[PDB]
């Protein structure tokens, strides 16, 4: 109190109204979001289908900030709900299945998830 503070992102001063709140210190800074999708596109030997799945997966993981292996089964379910409409609309369902098996290969998700997600994607397409 009685000291003048500044926003870390603009160096502009704090008004008394704002009451010592500087919060452009968000979990997923926007730029990391564009940096990741930009870096994936830069790949020569990777196709446009595997590219769009990788980008969408990363943005999902970055939004929710998953940190445990135990979170991976729920991470696929949340992905198929939040990004399902986009997966269908962009024709990426086969590359998505390919991602689900990659996850199982990395011992991160159960076989039961590998198909519960696939079941949920079809249930979502039938809604069109």
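Residue numbers count along the first chain shown, from 1.
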Regarding 54-62 and 90-98, which shows the higher C-alpha temperature factor on average in the entry? 90-98
Could you settle it for me: does 23-31 or 37-45 have the higher average Cα B factor in the PDB entry? 23-31
Among the chain's modelled residues, which third holds the C-alpha B-factor of residue 111? middle
Can you tell me whether residue 73 has a C-alpha B-factor in the lowest, middle or highest third compared with the other modelled residues of the same chain? middle
Test of reading the entry: by CA B factor among the chain's modelled residues, which third contains residue 103? middle
